[PDB]
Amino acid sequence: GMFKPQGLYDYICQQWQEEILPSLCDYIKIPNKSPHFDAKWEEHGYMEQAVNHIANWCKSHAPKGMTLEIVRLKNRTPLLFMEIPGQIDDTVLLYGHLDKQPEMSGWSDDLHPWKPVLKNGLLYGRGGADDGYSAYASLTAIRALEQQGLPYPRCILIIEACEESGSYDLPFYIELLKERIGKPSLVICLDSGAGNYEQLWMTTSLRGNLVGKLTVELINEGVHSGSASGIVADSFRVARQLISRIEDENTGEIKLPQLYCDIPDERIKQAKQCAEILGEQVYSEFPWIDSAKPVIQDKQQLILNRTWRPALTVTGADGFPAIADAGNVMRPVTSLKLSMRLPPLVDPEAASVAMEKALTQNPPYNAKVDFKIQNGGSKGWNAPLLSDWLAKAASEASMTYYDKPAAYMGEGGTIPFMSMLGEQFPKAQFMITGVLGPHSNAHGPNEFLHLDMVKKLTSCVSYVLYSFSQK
């Protein structure tokens, strides 16, 4: 009778076109890099511009009874908080972020990180997809239920401004806000990936991440390499030898058992199913150069590599002159930034201790070796047992708006707040989902928000909120 699922989609599409898109485009212009990428973010004022821009829009599109506050702690990024009272005596917590990754290199000639460009049904620019859409879609999902005169639960929306720097500000806000937030029964987060743009993707796990700096030195100044080569070990050779203690150079297999966990059987089964759904799109849509290929061909194992196994990337370095600048001097120091994704269930403290010991003990040639972990190292997340009402709601929503079943897969990235919530609220259910499908390029050049996908996804969120109301 009161609930019209296609009415939800029609309203949500109109809202996306007429109300959201202009505002979101204006948000893309704001160069509000997260604090790790701009230590002077406060002085520069862009973060403040962004939170006021999104807050302004929320206030003019407010559900009934909404309290909105830009919450502020000293020297911290601001936090956008909304409380929508609803009529049902239960709470849902919706989360996203509004801070951005930096420009990056490789933008197409017609595209720019701080210039919104709408082409081929895609909205290009930094932060449209990751994660500017989140506040808009979350609030619109509630507004769509009000359009139909339907009741809904109490909703708390948290749109933070430190996520791209590890959410280090967030625990302080949650301590301030704890009693006001209360106990959510459902957590919705619109900052995750999608296997394709054809169905609803439910994230069943997130990896942890630990970042540190490995420094290796044998000598305290640069030395003529003719004199030294053959007697003084080069610090680069010692550094790569140390990395071989933790990672096999041929396969990439991490050698430290403390960086693995047992993978739940249901996640192995889900990976099999997702391999069948995606086929070669498990890997084919990475920006491979020439005939480059993935580390192995088995699609299920690739999914598990990405979701349930540790993996190292070397993301920066100090101590190297530019090649065109360089003479032949043997360098005094090699420093490498090591970024280690962790399986969902691995404790970052235990993994940190294991990495530091493996990399620093018994130094080759009594080299001076340090491995300094960055604070803000964060645990992954594994979904709790899925409630029947949410399995049904997700399936129904996906079939309604995509005409395809909901699909369940792990996410290879890291969203620190989900681990926090899963620990604080062990009985909460989660809907962690998003729009970051193939070529969406979060953290990369030519980032886009897929508009068809986000309209359908916003509808799914609204449908699940309605379903929550009925359980």
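Quick note: we count residues from 1 along the sequence shown, nothing fancier.
Please compare 244-252 with 289-297 and say which has the higher mean C-alpha temperature factor in the record.
Averaged over C-alpha atoms, the B-factors run higher in 289-297.
On mean Cα temperature factor in this entry, is 360-368 or 305-313 the higher one?
Averaged over C-alpha atoms, the B-factors run higher in 360-368.
Among the choices 147, 235, 192, 138, identify the one whose CA B-factor in the record is greatest.
It is 147.
Identify, among 185, 75, 205, 167, the residue whose C-alpha carries the highest B-factor in the deposited PDB entry.
Most elevated C-alpha B-factor of the set, per the entry: 75.
Taking only the Cα B-factors deposited for this chain, tell me whether residue 53 sits in the lowest, middle or highest third.
Its C-alpha B-factor, which the entry lists for residue 53, ranks in the lowest third among residues of this chain.
Could you place residue 433 in the lowest, middle or highest third of its chain by Cα temperature factor, using the values in the record?
It falls in the bottom third of the chain.
Taking the entry's C-alpha B-factors for this chain, is residue 447 in the lowest, middle or highest third?
It belongs to the lowest third of the chain when residues are ordered by C-alpha B-factor.
Within this chain, which third does the Cα B-factor at residue 65 fall in: lowest, middle or highest?
Top third by C-alpha B-factor.
Going by the entry, which third of its chain does the Cα temperature factor of residue 405 land in?
Residue 405: CA B-factor falls in the highest third of its chain.
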